[PDB]
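A short write-up of the structure that comes next.
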Amino acid sequence: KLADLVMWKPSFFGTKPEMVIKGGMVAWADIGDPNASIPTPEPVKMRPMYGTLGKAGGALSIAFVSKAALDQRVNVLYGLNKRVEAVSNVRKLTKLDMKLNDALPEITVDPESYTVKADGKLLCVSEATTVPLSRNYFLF
Amino acid sequence: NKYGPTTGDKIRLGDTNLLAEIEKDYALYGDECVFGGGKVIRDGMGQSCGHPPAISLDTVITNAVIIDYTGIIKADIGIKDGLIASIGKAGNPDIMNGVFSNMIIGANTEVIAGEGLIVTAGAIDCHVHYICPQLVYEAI
Amino acid sequence: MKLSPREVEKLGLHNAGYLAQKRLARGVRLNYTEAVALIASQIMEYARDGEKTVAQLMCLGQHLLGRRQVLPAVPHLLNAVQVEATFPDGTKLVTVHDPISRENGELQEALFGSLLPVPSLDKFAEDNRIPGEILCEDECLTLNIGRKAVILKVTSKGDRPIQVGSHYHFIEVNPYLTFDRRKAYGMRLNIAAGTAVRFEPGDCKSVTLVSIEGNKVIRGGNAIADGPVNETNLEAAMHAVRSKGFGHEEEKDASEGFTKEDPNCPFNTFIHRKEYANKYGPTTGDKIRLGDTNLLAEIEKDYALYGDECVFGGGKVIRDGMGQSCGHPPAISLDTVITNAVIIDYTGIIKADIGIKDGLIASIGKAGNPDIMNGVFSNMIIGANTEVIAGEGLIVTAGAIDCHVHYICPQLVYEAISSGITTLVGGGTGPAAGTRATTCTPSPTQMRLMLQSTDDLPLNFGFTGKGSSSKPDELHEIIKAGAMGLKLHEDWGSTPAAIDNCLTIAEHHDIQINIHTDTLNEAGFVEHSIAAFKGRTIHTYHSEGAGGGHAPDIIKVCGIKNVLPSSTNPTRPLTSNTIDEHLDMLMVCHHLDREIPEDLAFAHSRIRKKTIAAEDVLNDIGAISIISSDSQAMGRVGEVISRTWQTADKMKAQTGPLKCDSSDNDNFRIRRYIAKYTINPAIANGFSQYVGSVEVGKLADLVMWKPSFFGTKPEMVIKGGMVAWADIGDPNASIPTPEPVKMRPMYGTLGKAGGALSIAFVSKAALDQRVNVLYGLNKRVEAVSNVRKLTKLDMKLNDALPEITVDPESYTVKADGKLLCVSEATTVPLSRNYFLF
Amino acid sequence: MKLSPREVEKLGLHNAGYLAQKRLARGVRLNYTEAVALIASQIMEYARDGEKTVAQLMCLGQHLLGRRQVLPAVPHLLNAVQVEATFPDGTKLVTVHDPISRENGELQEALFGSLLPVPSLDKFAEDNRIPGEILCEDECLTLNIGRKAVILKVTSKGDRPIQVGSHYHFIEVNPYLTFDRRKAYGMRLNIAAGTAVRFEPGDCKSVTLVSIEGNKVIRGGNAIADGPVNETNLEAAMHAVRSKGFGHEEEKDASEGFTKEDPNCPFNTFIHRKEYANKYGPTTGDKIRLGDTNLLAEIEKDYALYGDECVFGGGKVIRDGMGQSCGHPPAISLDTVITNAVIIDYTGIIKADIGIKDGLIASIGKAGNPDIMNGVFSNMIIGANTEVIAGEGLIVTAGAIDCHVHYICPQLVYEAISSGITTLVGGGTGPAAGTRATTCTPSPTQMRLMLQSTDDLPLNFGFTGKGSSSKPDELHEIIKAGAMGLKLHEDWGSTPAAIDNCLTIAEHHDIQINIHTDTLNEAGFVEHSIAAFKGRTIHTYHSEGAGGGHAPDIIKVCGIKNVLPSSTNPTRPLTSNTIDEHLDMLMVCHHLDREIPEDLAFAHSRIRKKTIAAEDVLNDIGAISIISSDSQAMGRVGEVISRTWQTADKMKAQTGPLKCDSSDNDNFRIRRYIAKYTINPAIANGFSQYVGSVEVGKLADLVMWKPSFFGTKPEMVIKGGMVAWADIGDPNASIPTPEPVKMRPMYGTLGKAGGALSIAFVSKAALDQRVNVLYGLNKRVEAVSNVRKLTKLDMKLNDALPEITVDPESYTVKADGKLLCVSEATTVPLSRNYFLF
Ligand code: NI
Ligand code: NI
Ligand code: NI
Ligand code: NI
């Protein structure tokens, strides 16, 4: 598969990644003062890297289209530099093809109370007063 | 104060203790190429109207103090096809002496006013780590 | 064998020569083409034998064919035969001058090396034209009138010959010529433009000089008197003369005066019309026979100023400071100038120089250098960066436009341009049955493919989709894809429902609709199809009907105002073999059986001598506005032009001059007919602002013709200002004229040059879509337009709208109640005198 | 007919055959080309009859033509005739070996199927060369000297034949061969490179082996002894031998020693020079006759190490681990290697392998595999990714450079490359009158169009503008547009004012100026034009004058230091037909009349036997530095090379060896002349660092020639390292040699390959403008340079500067007071023996 990968520090996992690799090349990454002797001094911000300049972006990615469009060679017609591939195998799929999320409970919803049940069991969950990956990381 | 210094004058580089002395000047006092309303670079005057179209400079940098390892001089700089076409006294040979065929200011010539300024070659950094594109911007 | 290209070529030439020898052997009187092939091949054979020298063959070549062994026109057409061959001392060029010099040739020599039996002289069985002959009044023209003049004695003090051209600044001549330099200042020789005067060492000749004109600025030469003619520069010049040692001797009593329109004036130089025409082509009043037809074109006007003709060559007019300007800005120099061209266009028959700039016709008039010539406008300046195409003695016309093309194969494209066609409009995708029957490029993918396929070909192209549908849906798509028009064809269904829908689509997209009606009268008769038009503009293909259409009266459309009618060329004109040929062509193409009465009835209802005869007349009176091919689908792509002229020729022969014709020439008929394959086709299809005529601003799609071969085989085809195809001989030859001379593709056909010289015409919807970008086309793309408000009245010189009737039983056709009778021709010009087969 | 390409081709072959039959029928002694055509055509006819088998025709084909029915050289040139035809049992290949085997052929058979009368034998009328013959001293060469050697008995225990090649690692051979594997370690057969030894089942033969050299690394085979030759690997190898069951038997007393330069040494393998030359082409000391001329080229040196020749083929040297390296980095493998080439270049006549990399000549020397061969440098390594062009027996030269080209039509480009020309310099826009007369591409739009037009053609191109102007303005523009030079022509005006201005422009742009002077002496005599040069560098076209120039002494320029003089080819060399041919060529091209004394006087003043004769001598002594065509404008594009050699041939025949020539060969004269169409043209135009000679770093534009056809018809033309054109036969044939064999375009001419293999030369102003980008050119573009400081002294081997005088009345020419007399040749080589016509 394409080398579209994201690097994370465990302490910042799920919130702010270190770098985003697109098609094997760094597309975006945390970098500080560009005039600095090293790349870590402030201000450190997520910034576009070489994968975003010139036509590099297209060489690292794919524009997904239908097979009719590819048969038409829209990639040529439109003068696209980005690689183009057709989507496929989506008409024989069922919930069972969803990896680790193939549950098919019988859902009912009370018309008046809106109470929801899965296979006759109540789906109760109190509201959270706080969530992680928030206050510890964002400026605003 | 009008055309930048000439032979013998000295210029302090920034707020350093270094003094650069103009070693020579290609100008002929009185025929300086100065652009502006009622000034020298105008049709039939400092701007030639009797030479072939093809030899008009693309751009002329007027009255520049040049600091280069080859010397510190005062001269006009002619640019053609993105290259340094000439260094010396620019203008119109129809009314000025000392204007060679490669330093003619014509109708199709742009003007960059160098009077009072120092011109140097663009710097060349040969130990660059292409860590991020932002340092390229900082560099130029 | 390790055969080089030229050897392969020469083998072909030999083959043609052998064919000619076999024909000669049975007593055939050879035509121009066969005579050339035979003579050139014989020269090669004698060279192979190694027993004859170049000088000997220049002589033997004149004894091969006599007047009795060739057609009457041959002695007139055949000035010389050239060919190179490998002699014992290498490759040598041999030119046989005036080959037909005797009554009977030495046939054993004509057949040398063929092993064919020599025929007895009685085997060659015994007043026609001089093809392309020029007719001039017995009169002289006066050169350089209205100028100051002087006669000076010029003595040569050199030990080598000195020759001076007509437009050389006389004071600038070789220092070894002695004469009064002061009197020569600002003057030039008063002699025919392009000629010179020769001074052998020690010679002294009196010469007449005339003042230069225009801005009167001297430039070039020895830079003795550079600058505007005036007192100050004269003195500077004389100082240079003495200083540099240029021969000078005052001639105090040299006769001085002015040139004028006076036969008695001693300073004048005269030239007979005959010699003038032989040098620069004819001028006002002269007449030219078009090919071997009976048509005579008269020069209506000439922009030249006698004496200042632009002639290129050694010692001639187009040289630095002389005819070639040296005092104008670089940007305004013409890219190319066609000098002394006889222009035949529907707008008139004139004599003029043609200026080309950026692939467009920049100007028509008097070209040259305004520094020494009068009447040279800023847009006709010949400069250092100007190329020269010599038009003197030739006819120039707009490139032909065939608008009924079936893109069955690419080879017919080559045949088309080699005949003088530079624009093609039709439909097709190759030899598929659909295309073999109709001018349709059905799908958007084939539209894209055909546009990409022909993108490097040096011709303008227009593709039409299939309009035979009762719904607009698919029509919008093919038009958006690039179609510049639509074809309604009975094979796809030409019913009232389809006709109406198609025309409604046309009203919205501003494209022309071409139609091949319901021959079977299945959904209705001709009046019903016309009703379906609902007064909307439509182009009826092969309106006579042999090519298809309501039987037997489709020709009635020629009298309908909103109809732009065209005819295809196989029925042009009605000749002895026409009916038999067409009847069988039809049945073979529809797989019909003569023995089946139904099939025969159908065939006879569609191939009618009466409607074809009427078509001759209708074309002549301007009731049919266009002539097209219907290439390889009941039509010949290389005969759109010749067929047009053969029709005009036949009509003149049988009915005489047209009402609007003068009786001293056939200019009107000529203009009416040339409009049929040039301007009218462009107007009907919506791109008349780009091509269709020799007018300023339009593309420089031009064809050069020798009068003797006009309407049959052109000299060269210019596309977008560059030569695309042209007659050229042996590529290894020392010159470009030796055999075999064939029409060949030139630089305009290599790489992507073709696209840079042409236009792919599409609909405005397609251009809005930018299909040119989407398809990666290199050829320029423009949208067709202004085709929905056209009527027969917009067809140039072919706006006749007679009421046509057709007798249901006899098929007798009448125009406004008058019979359209014309006997069939037993022969036609532009045929036997020119083709090998 | 539904004719396939091959059927059309075979019809052409038959036509050539019939031509040959008719010639034979009248008693003509056929040349090589005609003999092949006739024999091949007859084989096809007999096959059509279906009465003869392949075996029968292999025999009948030898009885068709006898020695008496063909030219004397034919029996030498004609080794075999091949052709395929449809027999009753399908298509079959027939090879007629040594067809000329009898005194008289069975002419009824030679004429079979032609219906031509059989000529009596007396009709064929009765000491010349062996074209391309190799001359060798009666001597033997010693192979693989200085190596360890051993003689071993090898027994086959297999039931099938086993054959081993010269460079196969012996210990790696078939396990069914039994011998002392330990002694064979690191050794190979001491036999002629490319040969083998065959072992029939049960056979036992003693063979001499020699040690491999270079790095001495074994690779490939059965991987028995892979690795560097040493004690440790030997033991590992013997263990593998025993372990895997490879036949091994110790031969304790096998004779061992070393090979040396000793005729008595028992381990040596010798080969006579005759057989060596027949296998690998000649070596040092041998001489080769160029075509059927009288010139003999002697190999000055050979980079080969006898025994290690790179020969490709089954069981030969260029195979994995053997001659083909298997131990170097991928990136340094040559793209292509031309093996055993006899190189003829102005820098010398040598024998060597030629390495090609990235379209450039990467190396010249000894190629191969350094793992087993000595003397193979890192830049001449043959690897897995290396293609092989077999040069053994052939001559390789740089592609020719024609610098006086009129781009009149594209067909002459094809003729040019098919003859050995890979670079064209000149001007034109197609067949326009301007171009037909001068080498000028006038406008920037035509400059762009011509560059785009020729962009896919596999030749380097240089276009020149019109320099005939007294102002610099327009010249700057055409140069900026892409012109790499300018042409001053009298037809546009070659006056002192224009000459001076043009040269001033040249000094600024660093481009060369080519000039056709004022033949009419209108503005001055030759001394005045020379004065106008003001000592500046200029190239004088056709310096002799027949092609144009001050009458009658333009040839004086050959003695001017700042003049780089060239000649055009129709006057090369002076022969019996030259004068008559040229006189008429001139008058026909200028429309002159013999009956008009002025016209005749002009013609006689320009076509002079005396100056043409002088031109022969001036070229011979190096006073004229270049030979060009003047294609279709008084010149033949396909004869730049042949004419050069015919001149050298004539001069040797009439004056003998040159002063600087050795008397055992004509190497110096050969080098002097080849420089005329290779290096000199490139130096004069400013691109000698790219092409012009067979030297490392330059483009691999090379031509392969068979000695017998040298100077006339090459085998293949390599452009930028890829075959552009080559001799190839019937494309449907089982092999590439059967008839018809013709020069044909190869893969280097398809798609955009042509541009990838070539360079479009432009001015530095144009490159600064990036016209390559602006014009969308795929072909590489480089700027010309270093042409303004050149003098006659910079013309390689043609730097002679004699003082030339021309008698004003007699036209007698003298060099330093000495007469330049040379009688006209009645015949020339490189002609009758090769061309069909
Ligand atoms: Ni039709
Ligand atoms: Ni049709
Ligand atoms: Ni010339
Ligand atoms: Ni020339």
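All residue numbers given for chain D refer to Swiss-Prot; the residues shown span 1-126, 130-840 in order.
Structure determined by X-ray crystallography, 2.0 Å.
Positions of Cβ are set from backbone N, Cα and C atoms, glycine also.
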From D:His519, D:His585, D:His593, D:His594, the one annotated by Swiss-Prot with D:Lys490, D:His545 for Ni(2+) 2: D:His519
Which of D:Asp256, D:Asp633, D:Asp652, D:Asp664 belongs with D:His407, D:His409, D:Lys490 in the Ni(2+) 1 site listed by Swiss-Prot: D:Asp633
In sequence order, those binding-site residues of D:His407, D:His409, D:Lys490, D:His519 whose CB lies under 6 Å from ligand 3: D:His519
Cβ packing number for D:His409 (Ni(2+) 1 binding site), 10 Å threshold: 25
Distance-selected binding-site residues near ligand 4 (C-beta under 6 Å), from D:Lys490, D:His492, D:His545, D:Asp633: D:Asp633
Between D:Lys490 (Ni(2+) 1 binding site) and D:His519 (Ni(2+) 2 binding site): CA-CA distance (Å): 8
For D:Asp633 (Ni(2+) 1 binding site): intrachain residues, at least 6 apart, with Cβ closer than 8 Å: D:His407, D:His409, D:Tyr544, D:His545, D:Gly550, D:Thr571, D:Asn572, D:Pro573
Number of other Cβ atoms within 10 Å of the Cβ of D:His492 (substrate binding site) across all protein chains: 26
Packing count at D:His545 (Ni(2+) 2 binding site) (other Cβ atoms within 10 Å of its Cβ): 27
CB within-chain contacts under 8 A for D:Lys490 (Ni(2+) 1 binding site), separation at least 6: D:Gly430, D:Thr441, D:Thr442, D:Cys443, D:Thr467, D:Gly468, D:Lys469, D:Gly470, D:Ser471, D:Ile516, D:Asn517, D:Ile518, D:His519
CB contacts for D:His519 (Ni(2+) 2 binding site) [other CB atoms within 10 A, all chains]: 26
Residues close to Ni(2+) 2 site centre defined by D:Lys490, D:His519, D:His545, Cβ within 8 Å: D:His407, D:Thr441, D:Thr442, D:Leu491, D:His492, D:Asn517, D:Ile518, D:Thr520, D:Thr543, D:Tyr544, D:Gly550, D:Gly551, D:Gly552, D:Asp633
Other C-beta atoms that fall within 10 angstroms of the C-beta of D:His407 (Ni(2+) 1 binding site): 33
Conformational class of D:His409 (Ni(2+) 1 binding site) under the three-state DSSP mapping: strand
D:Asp633 (Ni(2+) 1 binding site) - helix vs strand vs coil (DSSP): coil
